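See structure below.
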Amino acid sequence: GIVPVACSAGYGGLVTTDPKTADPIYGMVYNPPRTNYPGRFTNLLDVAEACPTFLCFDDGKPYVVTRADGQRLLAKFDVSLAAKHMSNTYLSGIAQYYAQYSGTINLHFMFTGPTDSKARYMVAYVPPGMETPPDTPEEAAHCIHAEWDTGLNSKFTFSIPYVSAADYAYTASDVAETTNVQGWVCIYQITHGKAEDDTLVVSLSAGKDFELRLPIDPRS
Amino acid sequence: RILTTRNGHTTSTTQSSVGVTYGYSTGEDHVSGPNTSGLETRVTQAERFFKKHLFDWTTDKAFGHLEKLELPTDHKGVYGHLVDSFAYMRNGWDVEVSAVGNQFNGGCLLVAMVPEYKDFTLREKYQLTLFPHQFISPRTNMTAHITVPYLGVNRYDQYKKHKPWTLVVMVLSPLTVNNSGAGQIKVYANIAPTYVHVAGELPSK
Amino acid sequence: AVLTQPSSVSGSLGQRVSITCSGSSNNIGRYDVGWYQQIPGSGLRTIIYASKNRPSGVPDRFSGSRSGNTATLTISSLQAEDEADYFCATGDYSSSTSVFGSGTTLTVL
Amino acid sequence: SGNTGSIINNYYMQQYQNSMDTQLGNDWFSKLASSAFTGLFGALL
Amino acid sequence: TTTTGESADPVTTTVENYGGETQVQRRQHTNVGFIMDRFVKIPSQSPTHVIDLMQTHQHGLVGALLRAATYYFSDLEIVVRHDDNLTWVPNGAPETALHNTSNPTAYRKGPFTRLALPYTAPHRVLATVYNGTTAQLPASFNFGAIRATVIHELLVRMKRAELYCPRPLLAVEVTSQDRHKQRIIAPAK
Amino acid sequence: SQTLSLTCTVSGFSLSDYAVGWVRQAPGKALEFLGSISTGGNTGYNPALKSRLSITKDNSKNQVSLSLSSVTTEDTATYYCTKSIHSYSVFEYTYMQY
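Pasting the structure below:
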């Protein structure tokens, strides 16, 4: 009495990501033991959450030097993780391989300068409703922003918030869009005493709420 | 059956209103969600009634004169300043629409807060009733009072680009003006934003 | 020709030029009017039907106001190409045949 | 539920098999059809 | 009954109003899960076809019932008969992602391959009509994109679908007759 | 004695969905309403030019016909067809507006 299985049609071929196991071929192998081997990371995002990696800027340097001419808009750069300024940081290095993301994206600013030149800088997240970020520190003071001094304590971390209509945002930017899916972010140097080319070293990092989703393989 | 509506500080009391009709909900769904991560701040200076003119329902408008209004339409006061200087918002919209009829001129208006207005081929107007709606007929009630909650693909959405609700007003029976009824009856609908929130403060120039 | 409308009106680029329609409680008082545009080498085109409505393809400029006993076709900013003869369409209870405006033929100056 | 009518545990786990859902810490049209005013409105003979 | 009516209150009267009785109703067929569970043929595209609803023909069952509701949510089961390996991508993948093939794929297995591809769009619930560009639906309401060297047919079946906000349905046009009068299937002779 | 009849093939805007009516631009800028026919077949004529024309519509051929009585020095005019919204006209002169 053979059991009539009535094999189905249409499905059964392998899928590139298809949770299934294969038929083993070699016997039991007791691989060499490693216990509490150092440096095991289990979430890629766990790595990016800990290590702050630098950004890119003009001429390819991480520090945002004080402007040469009348200016107080040091650099502006969008939030979409495929961004020019964010092209080399590890967070974009991984987010390239994911279809969407969510949550906050911490920043790190750490003043690297002599102890004789204080300075007071601002960061202001301008959500996407206007055609250009404002080139005036006061005129952009309205949007959610922080303004911090540079004293004995050096590293200030403003956590870019996540506000968007969709509950998840895409990582790659549309060629049809000319503005960004998210707002811009501006670093205004509102005051510097002792103007003597003192640098800021600014870095990116994934926040506690950051989470990517739907992995894909783009030819990078 | 006096209904004495109220919103913020402006009131409206119609002795002829037949009844409020909630569309699609009795209350709005939760507001603090994955979007904005809790930066929303209920604003309460925008909950107000603001008038808006509509088509002068005339003796001759035959069945199927859809006069739409898209919401939010161009408000110039507090709500206008607010949608100008805030990135994201959300509201429910307790619309109200009036037609002063002399009670001697027959006619049946149909108001309906249709979501995501697309064009009608005039076959869809036969069964446009699916959406929340009230019948305005000078016979019994010169006033219709609809309230609908904000529903869109997102939690919040720029009102400059995706205007979900559009109050449409079809005319089911031509105004018949008899010996004593009004020659021309205009319809003025008061739309009040309700449970409005905001987010995404935008750097104003 | 029951409706008398301005026999001619002059305009220039940039400013708002409107055109009244002279009617009465017979035809414009209780019935809605229409505004048609006719070029010298072309026929009719409808600009404002149902008086306050605008059909598909008409630029946002043209606005139709029926407030009061005289319908007014209000253009936001006249343009060099929108220079054409405009007509008045309305229904009068007194006569079965509808009344048609003689015209308004614009200028650019 | 829907159309699936095989009386057996789905071999694939649920999270892999469908898109698992989440909530935030209903059926309006059924409530509307239910709360309906039925019966006559006045006296009867 | 003579209810006030003008309020557009939902009134339903029964045959009971004149010495009738109302029999029991079994509506297990007009259900919206059981009616959305069936396959429906979406038009096929030879190169980099994008899989999404609102491409079905308007008059088919699933297509119409779909346009009957503004906001639909559903996971897909797809059935494609392609001629080379067929690769899928999530909802926000750059069009160049299709050639990597490390992203989900399916090799030629005799006849048509049947996949299950979950609902990936970031929007809280999709829409069948979008008032205001942000008429074409925005670029974000697709499920994925399926790209084979040549696609012959695509069938799509929405699982555990739930609809919202009903819309008009537009039964067939009739012309100056009593009823539509279509030739219903009849036995042989 | 030159009885004329002219038709314009409707391109889209089905007659049941939208009712058509003829209108002529009399020599000069003058305009005059010739009649209308509601989608169902019922028509409304210009009472002045009444009894001199016939407006018959066919749903199959997707065209509309107008058979005027005859031509005179005034009858010559640029003729045009209209696609009114509101397929049935509540009043005959009412359609001229839409």
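Protein chains in written order, with the authors' numbering: chain 3, 1 to 220; chain 2, 13 to 217; chain L, 4 to 112; chain 4, 15 to 39, 65 to 84; chain 1, 1 to 134, 156 to 210; chain H, 15 to 112.
We put the beta carbon where it would ideally sit given N, CA and C, even for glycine.
Of all alpha-carbon atoms in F158 (chain 3), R34 (chain 3), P137 (chain 3), the one lying nearest the alpha-carbon of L204 (chain 3) is that of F158 (chain 3). Contact check between the stretch 128 to 135 of chain 3 and the stretch 128 to 138 of chain 2: fewer than three CB pairs, one atom from each, fall below 8 Å, which does not count as touching.
Within the same chain, Cβ atoms closer than 7 Å to the Cβ of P43 (chain 1) are found at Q55, the five residues on either side in sequence being excluded.
Taking the beta carbon of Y100 (chain 2) as reference, the chain 3 residues within 7 Å of it are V163, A165, listed in sequence order.
Every beta strand (DSSP E) stretch that sits fully inside the stretch 15 to 66 of chain 2 and reaches 3 residues is listed by chain position as 15 to 19, 22 to 26, 32 to 34. Neighbours of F105 (chain H) across chain 2, judged by C-beta separation under 7 Å: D72. Apart from sequence neighbours up to five positions away, the residues of its chain that approach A194 (chain 2) with a beta-carbon distance below 6 Å are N114, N117, ordered along the chain. Beta-bridge analysis with DSSP links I94 (chain 3) to no other residue.
Along the length of the stretch 132 to 185 of chain 3, whole beta strand (DSSP E) runs at least 3 residues long occupy 145 to 149, reported in chain order. Judged by DSSP in its simplified three-state form, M110 (chain H) adopts helix.
Identification of chain 3 residues near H82 (chain 1) by a Cβ-Cβ cut-off of 8 Å yields none; the smallest Cβ-Cβ distance measures about 11 Å.
Between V193 (chain 1) and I216 (chain 3), the C-beta gap is not smaller than 7 Å, which leaves the two residues out of contact.
In the pairwise beta carbon analysis, the stretch 190 to 204 of chain 1 is classified as not touching the stretch 40 to 51 of chain H: fewer than three pairs are separated by under 8 Å.
Residues of chain L with a Cβ closer than 7 Å to the Cβ of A62 (chain H) are, in chain order, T100. The beta carbon of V189 (chain 2) sits closer than 6 Å to those of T71, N117, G195, all from its chain and outside the five residues before and after it, given in chain order.
Under DSSP, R178 (chain 1) forms a beta bridge with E77 (chain 1). Between the beta-carbon of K173 (chain 2) and that of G132 (chain 1) there is about 5 Å, and that keeps the pair under the 8 Å contact cut. Taking the Cβ atoms as the reference, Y168 (chain 2) lies roughly 4 Å from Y100 (chain 2), within the contact range of under 8 Å. Closest by C-alpha distance to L79 (chain 4), out of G92 (chain 1), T3 (chain 1), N85 (chain 1), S197 (chain 1), is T3 (chain 1).
CA-to-CA, the gap between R67 (chain 3) and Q31 (chain 4) works out to about 55 Å. In this structure, the CA atom of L55 (chain 3) is about 46 Å from the CA atom of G12 (chain 3).
Residue environment analysis places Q16 (chain H) among the exposed positions, since fewer than 16 neighbouring C-beta atoms fall within 10 angstroms of its C-beta. Classified as buried, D198 (chain 3) has 16 or more neighbouring CB atoms from the shown chains inside 10 Å of its CB. Per DSSP, reduced to three states, the secondary structure at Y89 (chain L) is strand. Any Cβ of chain 2 closer than 7 Å to the Cβ of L38 (chain 4) would place that residue at the interface, and such an atom is present. Taking the Cα positions, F41 (chain 3) is about 59 Å away from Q25 (chain 1). Between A211 (chain 2) and chain 3, the shortest Cβ-Cβ separation is below 7 Å. In the DSSP assignment, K70 (chain 4) falls within the unbroken alpha helix (DSSP H) covering 67 to 73. Assigned with DSSP and collapsed to three states, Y96 (chain L) falls in coil, not helix or strand.
With 16 or more neighbouring CB atoms inside 10 Å of its own CB, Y129 (chain 2) falls in the buried class.
The beta carbon of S46 (chain 1) sits closer than 7 Å to those of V171, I172, all from its chain and outside the five residues before and after it, given in chain order.
Nearest in C-alpha terms to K88 (chain 2), of all of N47 (chain 2), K64 (chain 2), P144 (chain 2), is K64 (chain 2). Here the C-alpha atom of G165 (chain 1) lies approximately 46 Å from the C-alpha atom of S80 (chain L). The beta carbon of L45 (chain H) sits closer than 6 Å to those of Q39, all from its chain and outside the five residues before and after it, given in chain order. The C-beta distance from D88 (chain L) to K43 (chain H) rounds to 7 Å, short enough to meet the 8 Å contact threshold. In the structure shown, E79 (chain 2) falls within a strand segment according to DSSP collapsed to helix, strand and coil.
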